[PDB]
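Written below as structure tokens is the structure these notes are about.
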Amino acid sequence: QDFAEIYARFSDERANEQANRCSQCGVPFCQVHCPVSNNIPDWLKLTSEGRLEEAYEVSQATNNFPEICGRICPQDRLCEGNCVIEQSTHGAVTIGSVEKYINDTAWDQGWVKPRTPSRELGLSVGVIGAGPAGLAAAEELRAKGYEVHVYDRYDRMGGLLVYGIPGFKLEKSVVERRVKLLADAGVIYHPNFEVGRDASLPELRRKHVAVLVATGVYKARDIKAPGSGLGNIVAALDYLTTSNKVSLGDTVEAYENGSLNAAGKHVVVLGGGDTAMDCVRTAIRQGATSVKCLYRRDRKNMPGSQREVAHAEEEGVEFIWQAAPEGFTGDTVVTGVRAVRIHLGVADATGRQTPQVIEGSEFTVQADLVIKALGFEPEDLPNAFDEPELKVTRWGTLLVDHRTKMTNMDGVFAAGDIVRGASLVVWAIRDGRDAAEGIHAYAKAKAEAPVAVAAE
Amino acid sequence: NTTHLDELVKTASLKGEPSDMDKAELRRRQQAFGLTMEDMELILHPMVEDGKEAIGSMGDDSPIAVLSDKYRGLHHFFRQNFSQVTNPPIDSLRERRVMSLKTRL
Ligand SMILES: Cc1cc2nc3c(=O)[nH]c(=O)nc-3n(C[C@H](O)[C@H](O)[C@H](O)COP(=O)(O)OP(=O)(O)OC[C@H]3O[C@@H](n4cnc5c(N)ncnc54)[C@H](O)[C@@H]3O)c2cc1C
Ligand code: SF4
Ligand code: SF4
């Protein structure tokens with residue numbers, strides 16, 4: 001119970017040791033493997049020299065949220081995955097760690113990030129949602145020299161980085177540092193505006209050159225039915241934020257006097273991905289005696305990368321986990337106005353590999369608390385309505401061109417989780433990155449000024 | 001009767017190989033001819049440090065300069081000739097004393 005930096009990756013100045021270790025390889029695989037295409041050889045060489053500012057600059061240029069990504073990026077899946085040194089005994093370089101460290105010193109310095117001189121100045125541009133995607137898009141646009149406002153539904157900013165990813169993994173001051181750097185650009189953020197009844201694309205059309213839809217996947221998945229927190233049930237959407245608010249100081253002005261959620265007795269967390277593992281770990285934070293992570297699918301196909309699963313494992317969370325098919329939750333039993341247990345059916349994979357649930361075999365797992373980890377999705381109809389005319393795919397998500405990230409409407413762009421195509425902070429920042437050039441091309445055209453092609 | 005302008009030339013080197021560009025310039029010229037870091041790190045460096053040439057490995061799987069996307073200098077299109085069966089190549093290390101680089105004006 002308490003939120004210390006659990007990350008294995010975190011490095012002290014000792015990061016110097018690994019920096020020297022890095023081969024500083026040509027046409028490095030790691031960079032090619034990085035979504036934002038960070039120049040890892042150069043920033044690393046820099047830390048080796050000890051000039052943290054230089055590495056920080058290199059990092060920030062490619063990604064606006066270099067700090068958060070250094071801490072959060074599933075590197076094994078990403079840049080470290082193609083690290084050459086992996087062949088060696090020592091193993092791959094922890095690029096994420098060095099990125100965090102270099103970034104951290106920069107934070108300490110307190111330097112502000114200046115604007116480049118000028119460009120097609122900027123008809124109002126609006127971005128919806130304060131998360132990684134919008135922040136990245138907004139900062140690049142501002143680099144271009146435009147006037148932009150981000151409308152955020154919540155009082156807090158930072159998106160999932162603030163709301164859900166645990167403090168032990170992601171300190172809040174980190175997200176605050178990046179937003180401030182963006183702010184120096186002059187990007188304005190206003191907190192209690194929502195794309196919905198209040199704001200809509202047509203409303204924006206009333207004077208607004210372009211819009212970026214950054215809102216992510218606001219809601220969580222279905223089976224629990226009306227179940228209440230008092231009873232026991234909490235969706236990741238509910239649970240993570242409450243822990244976040246109590247745990248992270250800058251996030252909200254109000255002190256959650258309520259304090260951390262009281263979680264007592266056995267906790268069942270349902271989900272394979274990052275969300276489930278974070279909720280499992282956060283649960284112990286709030287006093288859970290035991291935590292069970294239940295997967296529909298087999299152990300082999302756990303969604304989260306090994307580093308994060310490692311945190312839960314060290315933690316001693318139990319994984320009841322077997323067969324590709326679903327240990328699937330049939331029902332939650334509540335007695336005494338409190339959840340006593342959850343009923344599951346065993347599932348197993350056939351040659352078809354299509355999942356099968358075998359009704360005959362059931363498991364009654366006793367649990368005081370259930371947190372549903374399955375994931376998130378857009379479903380709020382007024383929100384969707386806000387989006388018109390923009391075309392939605394049969395995934396019920398806004399369609400966008402992969403390259404331009406332009407929506408059916410030329411003026412509107414979208415990026416991040418909302419696109420449903422990537423589920424990582426660095427891809428979301430990348431989405432905004434790519435979008436910014438295109439919004440730029442579009443606006444400049446309005447200006448009647450050309451953009452090369454190369455983009456830069 | 002020949003003027004070996006060798007010593008006369010070495011003299012001035014020891015007297016100071018001079019530099020006159022400010023890093024702000026260096027970089028932009030370099031940029032003109034698309035130079036890079038690989039270029040300074042991989043290749044230029046070992047020449048200065050070791051007095052020798054970047055050895056490396058695996059094939060060359062970049063495109064062929066004409067088909068390249070990026071600026072590539074004339075010399076990339078000029079491939080070096082070597083001899084195969086007709087004649088034998090020489091050992092410039094073990095047999096350096098027979099070779100030579102004397103230049104006359
Ligand atoms: C529990 C959990 C753990 C994770 N762990 C990691 C990790 O370790 N590493 C990693 O790389 N990624 C991780 N991710 C994924 C990462 O957080 C997301 O990919 C990223 O935050 C998506 O950025 P975004 O800007 O698209 O959206 P966010 O979803 O990040 O941002 C959307 C923003 O829009 C606002 N908004 C919502 N609806 C509206 C509306 N109608 N109008 C206006 N504003 C609105 C929201 O309040 C929010 O501020 C995790 C996700 C979860 C849920
Ligand atoms: S430059 Fe990149 S992190 Fe370093 S050794 Fe790993 S592949 Fe080369
Ligand atoms: S932003 Fe690129 S993928 Fe994340 S080089 Fe850094 S930790 Fe790796």
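Virtual Cβ from ideal backbone geometry, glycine too; neighbours counted across all protein chains shown. Readers should treat all values here as calculations from the given coordinates under stated rules, not as data from a laboratory.
Before rounding to the nearest 500, sum -39500 (n - 2.57) across all DSSP H runs of length at least 4 in chain B and divide by the residue total; then give [θ] at 222 nm in deg cm²/dmol.
Working: 4 runs with 28 residues, N = 105.
Mean residue ellipticity at 222 nm (helix-derived): -6500 deg cm²/dmol.
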In deg cm²/dmol, rounded to the nearest 500, the helical mean residue ellipticity at 222 nm of chain A, built from -39500 (n - 2.57) for every DSSP H run of length 4 or more, is -10000 deg cm²/dmol
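Quick check on packing: order A:303-314, A:68-79 by the mean number of other C-beta atoms within 10 Å, highest mean leading.
Listed from highest to lowest mean packing, they are A:68-79, A:303-314.
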Between the residues A:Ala4, A:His33, A:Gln109, the Cα farthest towards the positive end of the dipole of chain A, that dipole coming from +1 and -1 charges on the beta-carbon of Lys, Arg, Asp and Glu, is from A:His33
Neighbours of A:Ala185 by Cβ distance under 11 Å: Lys/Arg at +1, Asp/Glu at -1, summed charge +1
Note: A:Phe29 to A:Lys180 extended length (0.36 nm per residue) minus current alpha-carbon separation gives 51.2 nm
Here, A:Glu13 and A:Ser290, labelled 7 Å along Cα→Cβ, have an inter-label distance in nm of 4.7 nm
Sparse-neighbourhood loop hits (trypsin sites (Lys or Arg not before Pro), region A:99-131; DSSP loop; Cβ within 10 Å at most 16 others) -> A:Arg115
FRET efficiency for B:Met21 and A:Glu379 from the Cβ-Cβ distance with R0 = 41 Å, rounded to 0.05, comes out at 0.10
Distance in Å, no decimals, from the C-alpha centre of region A:149-218 to the one of region A:27-75 is 24 Å
Here the FRET efficiency for A:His149 versus A:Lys444, based on Cβ atoms and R0 = 22 Å and rounded to 0.05, is 0.70
Contact order relative to length for chain A, counting C-alpha pairs under 8 Å separated by 6 or more residues, stands in percent at 16 percent
Relative contact order of chain B (C-alpha contacts under 8 Å, at least 6 apart) in percent is 14 percent
Summing +1 per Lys or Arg and -1 per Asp or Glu among the other residues with Cβ less than 15 Å from A:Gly336's Cβ gives +2
Final fewest-first order of A:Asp250, A:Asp431 on the 10 Å Cβ neighbour count is A:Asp250, A:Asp431
Residue-ordered couplings for region A:118-125, obtained by feeding phi - 60° into the Karplus form 6.51 cos²θ - 1.76 cosθ + 1.60 and rounding to whole Hz (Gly and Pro as x), are 5, 6, 3, 4, x, 7, 4, 10
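If you keep only loop residues by DSSP, which trypsin sites (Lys or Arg not before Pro) in region B:64-105 have at most 14 other Cβ atoms within 10 Å of their Cβ?
Hits after loop and neighbour filter: B:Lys70, B:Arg79, B:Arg94, B:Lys102, B:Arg104.
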Proxy exposure order for A:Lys207, A:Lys180, A:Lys405 (fewest C-beta within 10 Å first) is A:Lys207, A:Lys180, A:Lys405
If the label point sits 7 Å along Cα→Cβ of B:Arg96, residues of region B:37-64 with amide N under 11 Å come out as B:52
Distance in nm between A:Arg51 and B:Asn1 label points, each 7 Å along Cα→Cβ, equals 5.7 nm
The alpha-carbon center of region A:115-139 and that of region A:335-360 are separated, in whole Å, by 47 Å
Once amide hydrogens are built 1.01 Å from N within the peptide plane, the residues lying 5 or more places from A:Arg341 or on another chain with amide H under 5 Å from its amide H are A:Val333, A:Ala367
Any GluC sites (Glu not before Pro) in region A:348-399 that lie in a DSSP loop and have at most 13 other Cβ atoms within 10 Å would be A:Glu389
Gyration tensor (Cα only) of region A:199-290 to equivalent ellipsoid, semi-axes in Å sorted down, yields 32, 18, 13
Most exposed to least, judged by fewest other Cβ atoms within 10 Å, A:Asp278, A:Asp152, A:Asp42, B:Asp39 sort to B:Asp39, A:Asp42, A:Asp152, A:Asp278
Given chymotrypsin sites (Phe, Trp or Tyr not before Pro), DSSP loops and at most 12 other Cβ atoms within 10 Å, the longest exposed-site-free stretch of chain A is A:1-254
With bins of 20 Å, the percent of all Cα-Cα pairs of chain A per bin from 0 is 24, 55, 21, 0
The set of residues whose placed amide H lies less than 5 Å from the amide H of A:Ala323, leaving out same-chain residues fewer than 5 positions away, is A:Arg299
A student asked for the Cα radius of gyration and Dmax of region A:305-456 in angstrom ought to give 22.7, 69
Between the alpha carbon centres of region A:368-416 and region B:44-67 the gap in Å comes to 48 Å
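Longer than 26 Å from Cα to Cα, which of A:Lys245/A:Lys292; A:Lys405/A:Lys446; A:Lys100/A:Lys265 are they? Say none if no pair is.
A:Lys100/A:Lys265
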